Amino acid sequence: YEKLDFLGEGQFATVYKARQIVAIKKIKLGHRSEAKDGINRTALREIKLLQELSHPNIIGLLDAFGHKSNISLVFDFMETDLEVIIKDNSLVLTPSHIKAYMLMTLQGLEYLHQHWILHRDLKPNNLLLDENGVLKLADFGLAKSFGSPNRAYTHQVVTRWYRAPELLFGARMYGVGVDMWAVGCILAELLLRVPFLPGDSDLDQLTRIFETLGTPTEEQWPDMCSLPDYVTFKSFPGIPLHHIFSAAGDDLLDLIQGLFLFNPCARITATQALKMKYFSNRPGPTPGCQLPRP
Amino acid sequence: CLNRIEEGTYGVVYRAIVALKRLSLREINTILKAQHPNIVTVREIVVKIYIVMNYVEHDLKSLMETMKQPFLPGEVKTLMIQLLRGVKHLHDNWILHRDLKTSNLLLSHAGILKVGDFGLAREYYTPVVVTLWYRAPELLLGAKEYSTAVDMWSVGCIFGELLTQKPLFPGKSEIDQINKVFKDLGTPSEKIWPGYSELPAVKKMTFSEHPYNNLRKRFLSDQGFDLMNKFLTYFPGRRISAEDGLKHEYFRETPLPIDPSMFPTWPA
Amino acid sequence: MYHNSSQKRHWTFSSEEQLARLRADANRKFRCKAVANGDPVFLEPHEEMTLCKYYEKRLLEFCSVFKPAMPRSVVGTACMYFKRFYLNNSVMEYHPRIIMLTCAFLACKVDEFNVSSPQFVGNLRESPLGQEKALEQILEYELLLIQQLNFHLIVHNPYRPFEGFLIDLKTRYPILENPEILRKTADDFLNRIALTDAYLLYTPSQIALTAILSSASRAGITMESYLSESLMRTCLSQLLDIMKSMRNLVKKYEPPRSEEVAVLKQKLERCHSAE
Amino acid sequence: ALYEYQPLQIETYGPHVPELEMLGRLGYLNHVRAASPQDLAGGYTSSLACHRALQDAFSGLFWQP
Ligand SMILES: Nc1ncnc2c1ncn2[C@@H]1O[C@H](COP(=O)(O)OP(=O)(O)O)[C@@H](O)[C@H]1O
Ligand SMILES: Nc1ncnc2c1ncn2[C@@H]1O[C@H](COP(=O)(O)OP(=O)(O)O)[C@@H](O)[C@H]1O
Ligand SMILES: [Mg+2]
Ligand SMILES: [Mg+2]
């Protein structure tokens, strides 16, 4: 593994290229108290998660070499992200491209959720596109298993822009819905090329959500008040769905509405979403080799 | 480099005695413009980009964590004097720090408090700044404009932390933080707070009512209470300033501010 | 899930012959390394197995009185890590005490059981100097354990399958008046299966079913009808043979001998002091 | 090239487990702990716990190394 280029840096670790071409994510030590912990918990979590997972639309972990100080992971070279595609104004996103991206994301999440695992960090730059246009989920640092009523994790996991109202209202226990809403947000971004609800504060995020989709009632959320961080809101009428996305068809409107129910139990899942009439409708989703490339 | 003292999201500091912080233009310009005895003194600039600072032995939060007895009032008053001098120097230089917390405060063996972490400082804005445990209600309720009151609140909260060695409003969440502030101080009103209805949060949300001035049960002299209420004035235009706080009668009481030199030693 | 997992693909073996040959290979490898470095001080593989069993019991005792309370999944994962590590390594190279401590630490980290290092060592019956020394050794050997596990850090335990089988018996078996009375005894039997190496030979669902059926047979309740109809000829025979092998392994297991473990511990200390 | 959904199939090497939508019909959820309204608000139901328990009970039951 001959390091040859620098690919960026984040809060979890530092990533750089290497000769097949791969990418090493080397983990830096945490805080002073976290330096005594040893191997970083995010890295161990991601190691086990990608060791127990195998799917064409999930990033592939190859090697996890390291030394005493910390650990370093190795992944396949991922050409670009989805955020690059979205933010690039030179790239025209035909409805087929949106259909293909949503199809890949939904299939990956279907496989992930079948094994009782929540990504909890869904957002466009986390969806990586290869040289063959194969979208793969990544950044499994926050990915945690779900189903057992024993372990409850922090609600403050997803970023503020793509956080479901169940998480924003401080829910200890949740299910697949926390992913699905994020997916919908991504879908909305693919329809507008700008963040759907780009709130700065989390309360402002809630205001944006309720101003765009209308304030939920007890009919659409039977136990909304039961949440501990539940805050009362004024009844916004909510913009009709066809006004926000004028170019989206009726099936796409139904898919978006299903992805954007306020009740997490009634919110559609990956299998249900793949079974909607939108994906089988004309035109067919674009192949991997015909997706836009920067 | 000798050892990494601590890790940060946008900058990591090593010990070398000096401190080498690896990270931009905003922070370096703000730190350069505010050279002062009570402000972190940058020695030079080297190149990733690195900033060299005069090494301090400890910070306030680490000292509080690893010490059992409470603060003696004299050193509390001395630290408040130094903090007020520093924030007034920042205010005179038209600098808003918005990152005042016990972690940022650095205390040396000589009893000198020397603020730093100018990543969130700006020239006077950005809607969401300041940590949740010290953020002012105006920025909590989505006020697009703010002033020195945001640093004044942080100073008041730091004073409250000094008094009891525990955060005043350690809100679990933003809604929880607002609820904690309202419960401990009393919910604001239009009569108390002019321009209340204009706040974006109130226009689109409803809160609960609480009795006024419930913070006294948590704790301080009567002049200490007056100065504390001066910190916890709801109205941003009515909240006291550092210059007037220095002129307050609480700084002249029976436990007079002890000099920085007479400071009990702690492990390094 | 187990049906496509690293544990099934790599860490489940045909029979005890593979386990014995792997342990003998590890012992021979360490002997060759020592003789190349520069004879009666090396312990035989059976003595290594005895010491491994004794220190597995010690790890069980450690996790029993751990504070905060260790979920059964965490201790199960720790035991599986211990067995996996000492299947391909020698007690004469890495000490069992520090290895079991680092196994418990890694199980706490993997199973999302957030406990700080001082908290993790506050349960150690050692001096504060002993506790911090144990901390340094654990930090040193955590990566070694990680590497020796082939980075397969997810371990499936039979407790969840046991709960699932109990639920299924409750709903779809009206013949059994109350499956609950068959839990506790089965739990005890499960503990026995922990002591033996059955974790490396049979999947957790079979282990849980074997424990439940052994508990049923001990109480005299016969439920072959559950397997025949509710669970719906080769498959039934294979399941029955697997249960028979489980019971044979449980019977055949022998607890350690105090004088034997004392002598083996002295010999092990001699080997570790020498090299 | 159109698309038509194919339910992905992986062998569990064990007895068939009922589909998620219909556990409560046979009284499976009767013998589990009822989900509190706080969990129901966030989208958590006892159906998930029961289905996970049953899926892990019947997984790999018929496998031979
Ligand atoms: N498999 C990969 N192949 C190529 N580049 C990658 C791969 N994974 C991550 N990267 C790059 O490394 C960077 C990682 O930073 P990121 O994960 O965004 O930090 P954070 O998670 O703290 O925001 C990204 O900018 C991305 O472009
Ligand atoms: N000169 C110094 N003296 C003492 N401690 C310092 C000094 N410089 C930095 N530190 C330590 O480093 C930490 C600040 O890290 P910082 O650079 O603010 O990271 P970030 O900017 O990414 O948040 C503080 O907790 C402080 O204890
Ligand atoms: Mg990423
Ligand atoms: Mg800082």
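Residues numbered from 1 in each chain as written, not as in the entry; some residues may be left out. Chains lettered and ligands numbered in written order. Heavy atoms only, no water.

Per the deposited record, determination of this structure is attributed to cryo-EM, with the resolution reported as 3.5 Å.

A.B. asks: How should I be thinking about the site of ligand 2 in this particular structure?
C.D. replies: All names here are of chain B. Residues in contact with ligand 2 amount to 15 residues; listed here are only the nearest, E6, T9, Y10, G11 and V56. At 2.8 Å from an oxygen atom of ligand 2 is found a side-chain nitrogen or oxygen belonging to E6. Interatomic distance of 3.0 Å between a backbone N/O atom of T9 and an oxygen atom of ligand 2. For ligand 2, whose free accessible area comes to 570 Å², the fraction covered by protein is 87%. For the shell around ligand 2, the secondary structure elements donating two or more residues are β1 (3–6) and β3 (18–22). Formed jointly, the shell around ligand 2 draws a minimum of three residues from each of two domains, domain 1 (3–54) and domain 2 (58–251). (Near = heavy atom within 4 Å. Polar contact = N/O pair within 3.5 Å; in protein donor to acceptor, adjacent residues only side chain to side chain. Areas by Shrake-Rupley, 256 points an atom, 1.4 Å probe, with all protein chains shown as cover. Helix = DSSP H or I, 4+ residues; strand = E, 2+ residues; numbered from the N terminus. Domains from an automatic or database assignment.)

A.B. asks: Help me out: how do you make sense of the domain arrangement of chain B in this one?
C.D. replies: Interface size is often expressed as the accessible area that is lost when the parts come together. Residue and element names in this part refer to chain B. Looking at chain B, the domain boundaries give domain 1 (3–54) and domain 2 (58–251). Taking only C-alpha atoms into account, the centre of domain 1 sits 25 Å from that of domain 2. Around 1,500 Å² of area is buried between domain 1 and domain 2 when both sides are counted, 52% of it from carbon and sulfur atoms. On the surface where domain 1 and domain 2 come into contact, there are one salt bridge. Among the salt bridges present, the one from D117 reaches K21, with a minimum N-O distance of 3.9 Å. Inspection of the region where domain 1 meets domain 2 yields 13 residue pairs in polar contact. Ranked by residue count, the leading element in the side of domain 1 that touches domain 2 is helix α1 (residues 25–33), at five residues. (Buried area = accessible area lost by both parts, 1.4 Å probe. Salt bridge = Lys/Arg side-chain N within 4 Å of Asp/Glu carboxyl O.)

A.B. asks: Honestly, helix α4 (residues 95–114) of chain A in this entry has me stumped. Any pointers?
C.D. replies: Residues lying three or four places apart along an α-helix face the same way, a consequence of the helix completing one turn every 3.6 residues. Residue and element names in this part refer to chain A. With 20 residues, α4 should cover 28 Å at 1.5 Å per step; its first-to-last C-alpha distance of 28 Å lies within 8% of that length. For α4, the buried fraction is high: 17 of the 20 residues fall into the buried class. In the segment just after α4, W116 is the residue with positive phi, at about 60°. (Expected span 1.5 Å × (residues − 1). Buried < 20%, exposed > 50% of the residue type's maximum accessible area, 1.4 Å probe, protein only.)

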